[PDB]
Amino acid sequence: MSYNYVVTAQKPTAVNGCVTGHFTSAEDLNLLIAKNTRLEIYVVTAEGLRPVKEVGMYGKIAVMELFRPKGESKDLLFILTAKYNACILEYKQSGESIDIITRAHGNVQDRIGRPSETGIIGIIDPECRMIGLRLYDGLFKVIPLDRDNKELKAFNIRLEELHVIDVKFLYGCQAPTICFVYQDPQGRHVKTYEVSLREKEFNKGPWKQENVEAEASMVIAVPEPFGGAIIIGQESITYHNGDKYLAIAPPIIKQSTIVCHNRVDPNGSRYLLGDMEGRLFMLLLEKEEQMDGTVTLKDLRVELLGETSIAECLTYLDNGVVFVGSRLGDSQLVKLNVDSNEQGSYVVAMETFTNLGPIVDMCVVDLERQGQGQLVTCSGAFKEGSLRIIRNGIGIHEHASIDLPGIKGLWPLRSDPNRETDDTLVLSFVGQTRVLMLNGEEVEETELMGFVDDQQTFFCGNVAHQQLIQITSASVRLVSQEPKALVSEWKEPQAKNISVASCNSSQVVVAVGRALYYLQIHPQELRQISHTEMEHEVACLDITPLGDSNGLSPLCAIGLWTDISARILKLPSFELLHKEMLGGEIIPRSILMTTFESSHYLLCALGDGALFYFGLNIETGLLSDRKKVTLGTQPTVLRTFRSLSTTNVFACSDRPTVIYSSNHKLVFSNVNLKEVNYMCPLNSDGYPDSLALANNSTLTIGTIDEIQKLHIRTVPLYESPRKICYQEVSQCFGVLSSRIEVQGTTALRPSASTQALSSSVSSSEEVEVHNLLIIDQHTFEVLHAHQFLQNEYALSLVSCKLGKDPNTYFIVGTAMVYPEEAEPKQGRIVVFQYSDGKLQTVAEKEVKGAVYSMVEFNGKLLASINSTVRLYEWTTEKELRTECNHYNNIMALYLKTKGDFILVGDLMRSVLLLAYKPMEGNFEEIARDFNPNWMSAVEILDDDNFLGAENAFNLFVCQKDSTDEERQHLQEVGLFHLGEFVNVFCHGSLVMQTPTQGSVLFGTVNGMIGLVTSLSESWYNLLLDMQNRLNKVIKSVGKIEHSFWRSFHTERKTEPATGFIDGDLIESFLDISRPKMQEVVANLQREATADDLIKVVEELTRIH
Ligand SMILES: COc1cccc2[nH]ccc12
Ligand SMILES: COc1cccc2[nH]ccc12
């Protein structure tokens, strides 16, 4: 009945866990990072983190642990998903082919059980005898480790202690032994059990239970020679081991709860600890010797090292380097120094990694140009709180601009053999060449002895033996550097025109119609080595040297007229190594051999905007795994450039693009420029690390931004942003924020709300103090901060005009929060006017509850207050006055409107459709969803389709059912397990303003950004069929079924997804092998071809 398409615009960025070990090989040190559904694998080096392989799971990663059974040469990886998919994984590399293989898998869900409270815990014994899982209170699930247990069959042990806080397997025990903290009415306790595989039961543990701190929260199992356990609490750190017990209560940890630990030394001599304010501690275990040669713990000490991002996890990586994995802020690499600095920190940040999460609110604004949407998010929490401004495509920063029409090519040149930077830019035109010299930022015409100015240049550059080369339509000219003289000139035997040229430092290949000539550059000599006659006219050439080649190519890449071939030829023989026919009647225009992330590719652009690319074996010349993207509608010219120590390809067309690599796949990102015809890198004194760009009229020089799909600007607030709205008439944002103060109350640090240009107050981890920030849309400076009342929490924000009043106001809805109130019984609506650098209060209305949500509605103000939805009019006396009320809610948390229709999202009874009835001045309840759902966000897709997100990470779509009692039942016609928690939906697009209609973005807790759009039945059916066929050919990590992953799942209900296409799966079509493609298309509704589908999937990827 309803047809929706959901796709990832930004993958989750928050770090949910991190481990180290030897996964990729015995000798490698790896960091593995879990970002919800993604697993990232790195090799740790001296340079830092080298990415080797990233994969998606069809599940939320809940457990991730490396372990090494006997009879394994390197670590295996245990993953458990939130839907109880268990797997054992092995890394396997053969060639440039990397696979994660599933060694064992099965689902370990029980029929009876509600999830525990400190969540899923999975632990592995040091001796690899078993995996232990705490999934439900009162049960401990054991998976015997045994290479024959490939289905990961398990048994449950009754656990007497119902409320386990944390649990680990101990080192140095004769039988597998767990150590855990649990809570009963008599307080918190630490206890141990042995786990008997024979008996499938617990046995008495090696040491008796002890009482621990009331807030003991984490168990650390200390390796030999210490053995035993460390128990971290809020006020205390204790060690336990047999008839051995040691406790410290260091005041330095008491300010903030410690929430993560990491072992620095293999023998447990030192641990890192991180708290909720980003403090980083070293915990140091002092050894005591014994006559029998055992080692016992003499003492524990804690030292403050400094401050990091608020850490979800810490991993020491050797050589003083720590990876700080953050959920609430940016992740980091930090370095620990033996000696402190001028402020006393031992911690020095080396590198910062972008985390958008949590995205708690966002909005779309055409900040810079019309039709070019940017997303502005409220991101992070506490000291990590920020605005993030997200926009598609790569920017150029223009530093020079010269009027100079009709450029046909650009080449940079080093005219001085003693200087490393370019000093010369050579320009081609129809029938002509011009040379520009660069003196600082000055750019002047000039002649260059040796070069001719009265032929068109096809190539010029530095070549071997301190020489320059110019290849024109007439000849190849070889020029000495000092002085500039012609030292050798090559012409075709009858002086026919050169039609195509390619050149590296020591080799030249020129075409003359169908003929090819191969020259070598020697001292004062162009040496003709070989020639051939191609079957057809030559369209394009390349001899870019790849690999450990010494600047020499054994290969010549060629594109031909007529058969539209790309071929790899051997030099010097010109023997055909490999031929690919590209199809059509439109010739190749640009061909390039290139290397990305150490793999070799052949790129070939046609004049219609198509780019084909292939893997290239530089040994055999074999092309493989053809793929095709469309880069425009005009001839593309390809050119290599370096930025930030990486080689990329710039593609000039009507739509300039950078081609680059990410996770060993080619990626394409728009450059934010009008049409570019030609470019070259340029690295001169006055224009370091730059690009020269030409169109029909202009020559530009500038620098390029980071090569990435999305550009992110960060605005640190140093406090928690909560909501955002844009006020066009003021050219600013309003942002609700809260900061923590300690009980007067005292701030922990300066932040946006205490550092505004001007400030105002309302007149009447200890306390939240709430503020409305006014933020400039261009500088993101905090222009003004208005502070609310003590214990007043700001929940809702809108910028709008009301009634016949021409002013635009910021309107804020609040709650008065008191400790023993089940919910708030009091709050305000406050109308503010931003004028002359400050907020003035124009009006207030006290209400008897929390103002959760507000929306402008037809010149009126719609607000949700506890269990009520209310519409206010703005009177001539500038007051809000109730028009009508709706009462039939539990807790009305979310509103959206369209026309006279109102979608209401409830705490627990899903969604409800109201209509305002303009001839009766009241609401009519049209229909509601009688299926209970715990809502997190709502959106109206159109008059008949309503989108919900709920707390168990599902989407659904409701429609009207086409009695009166029947018409009042909304039908859930779409269901989809997204696997993210949606905080906000908002209509809009990051793509400059079709198989899809409409555009709704959403932001999530993990910093994932997604898009929802609508499909026709026809499109839905085709794509559903594609999914089903894709799911047969794709091998999933852990052998999870896609249909299982995407099934709607709450504690009440599991059902197959319906009415939803998984765009991430569809887009993965462009990454499968061609045998697989063919397989996917066999008999698919005329009979579709691979290439039809490749086209269809491209149209789809363009919507984000
Ligand atoms: C369930 O345990 C296994 C599965 C797969 C491979 C393994 N190697 C040693 C134990 C093991
Ligand atoms: C090491 O790489 C990361 C870790 C955490 C977040 C990240 N964002 C971009 C890269 C990245």
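Each value, and the rule that gives it
All residue numbers refer to a per-chain count from 1 along the written sequence rather than necessarily to the numbering of the entry. Residues that lack coordinates are not shown. Chain letters and ligand numbers both follow the written order, the letters beginning at A and the numbers at 1. Water and hydrogen atoms were dropped before computing side-chain values, which therefore reflect all heavy atoms in the structure. Residues with missing side-chain atoms are left out of burial classes, side-chain pairs and their counts. Any residue with a non-hydrogen atom lying within 4 Å of a molecule or strand is treated as near it. Only the protein chains shown count as cover for residues, and all accessible areas are computed by the Shrake-Rupley method using a 1.4 Å probe. Only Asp, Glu, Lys and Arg are considered charged in this grouping, and only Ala, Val, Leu, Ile, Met, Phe, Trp, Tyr, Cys and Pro are considered nonpolar; every other residue, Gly among them, is considered polar. Axis definition: a line fitted to C-alpha atoms, over the contacting stretch in the case of helices. Angles run 0 to 180 degrees between N-to-C directions. Under the DSSP-based scheme used, a helix requires at least four consecutive residues in state H or I and a strand at least two consecutive residues in state E, with every element numbered from the N terminus. Throughout this description, any angle smaller than 35 degrees is read as roughly parallel, any larger than 145 degrees as roughly antiparallel, any in the 65 to 115 degree range as roughly perpendicular, and the remainder as oblique. Contacts are residue-level and defined by heavy atoms, with any inter-residue pair within 4.5 Å sufficient. Centres within 6.5 Å are what make two rings of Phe, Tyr or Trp a pair, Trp counting through its six-membered ring; a difference in plane orientation under 30 degrees is then read as stacked, over 60 as edge-to-face, and the rest as tilted. Whether a residue is buried, partly exposed or exposed follows from its accessible area with a 1.4 Å probe, protein chains only, as a fraction of its type maximum: under 20%, in between, or over 50%, in that order. As a reminder, the over-ring test applies to NZ of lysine and CZ of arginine, requiring each to be within 6 Å of the ring centre and within 35 degrees of the ring normal. Salt bridge criterion: a side-chain nitrogen from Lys or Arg within 4 Å of a carboxyl oxygen from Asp or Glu. Domain segmentation is taken from an automatic or database assignment of domains. When two parts are brought into contact, each loses some accessible area as probed by a 1.4 Å sphere; the total of that loss over both is the buried area. Only strands that DSSP links by at least two bridges are regarded as paired with each other. In this description, the term disulfide denotes a pair of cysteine sulfurs within 2.5 Å.

In the PDB archive, X-ray crystallography is given as the structure determination method for this entry, at a resolution of 2.00 Å.

### Comments concerning the site of ligand 1
Close to ligand 1 lie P69, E72, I88, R103, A104, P144, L145, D146, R147, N149 and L152. Calculation on ligand 1 without its partners gives an accessible area of 300 Å², and the protein chains cover 97% of this total. For the shell around ligand 1, a count of residues per class yields six nonpolar, one polar and four charged.

### Let's talk about the packing of helix α5 (residues 1074-1081) against helix α6 (residues 1090-1101)
Running from amino to carboxyl end, α5 crosses α6 at an angle of 95°, the nearest separation of the two axes being 9 Å. Compared by their axis directions, α5 and α6 come out roughly perpendicular. Taken together, the residues of α6 that come into contact with α5 (itself represented by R1074, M1077 and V1081) are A1090, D1091, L1093 and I1094. For the contact of α5 with α6, a count of residues per class yields five nonpolar, no polar and two charged.

### What to know about the packing of aromatic side chains
Taken as a whole, this structure holds 21 aromatic pairs when the rule is applied. Judged by centre distance (5.6 Å) and plane angle (40°), the rings of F180 and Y182 are tilted. With respect to burial, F180 and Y182 carry one shared label: buried. Their ring planes at 50° and their centres at 5.2 Å tell us that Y726 and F733 sit as a pair that is tilted. One aromatic cluster is present, built from ring pairs that chain together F140, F169, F180, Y182, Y193 and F202. In this structure, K60 is placed above the aromatic ring of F953, and the distance from its NZ or CZ to the ring centre is 4.7 Å.

### Observations regarding the pattern of salt bridges
Going through the model one piece at a time under the given rule, you end up with 41 salt bridges. The salt bridge involving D110 is made with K141; its shortest N-O contact spans 2.6 Å. With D110 in the loop between β9 (97-107) and β10 (121-124) and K141 in strand β12 (residues 139-144), this residue pair connects regions lying 31 residues apart in the sequence. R828 serves as the salt-bridge partner of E792, at 2.7 Å between the closest nitrogen and oxygen. Of this pair, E792 sits in strand β69 (residues 792-800) while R828 sits in strand β71 (residues 827-835), placing them 36 residues apart in sequence. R828 shares its class with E792; the two are buried. The network of salt bridges with common partners includes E72, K74, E90, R103 and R147.

### Observations concerning the domain arrangement of the chain
By the assigned domains, the chain splits into domain 1 (4-359) and domain 2 (396-711). On a C-alpha basis, the centroid separation for the pair domain 1 and domain 2 is 51 Å. Counting each side, the surface lost to burial between domain 1 and domain 2 is near 410 Å², with a carbon and sulfur contribution of 35%. Linking domain 1 to domain 2 there are zero salt bridges.

### Quick look at the sheet that holds strand β32 (residues 374-379)
The four strands are arranged β31-β32-β33-β62 in an open sheet whose pairing can be described as antiparallel. Each having just a single partner strand, β31 (359-365) and β62 (710-716) make up the two edges of the open sheet. The mean angle between the axes of side-by-side strands here comes to 20°, regardless of whether they run parallel or antiparallel. Note that strand β33 (residues 386-392) and β62 share seven bridges and pair antiparallel. Residue pairing for β62: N392 is matched across the bridge by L710.

### A closer look at the state of the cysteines
A complete count under the given rule lists one disulfide for this structure. Across a sulfur-sulfur distance of 2.2 Å, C18 and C313 are joined as a disulfide pair. The chirality of the disulfide connecting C18 with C313 is right-handed, given an S-S dihedral of about 135°. You can see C18 sitting in strand β2 (residues 17-21) and its partner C313 sitting in strand β27 (residues 313-316), a full 295 residues away along the chain. For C313, a relative accessible area of 9% gives the class buried. Summary of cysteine pairing: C378 is not part of a disulfide, and the nearest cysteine sulfur, belonging to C363, is at 7.8 Å.

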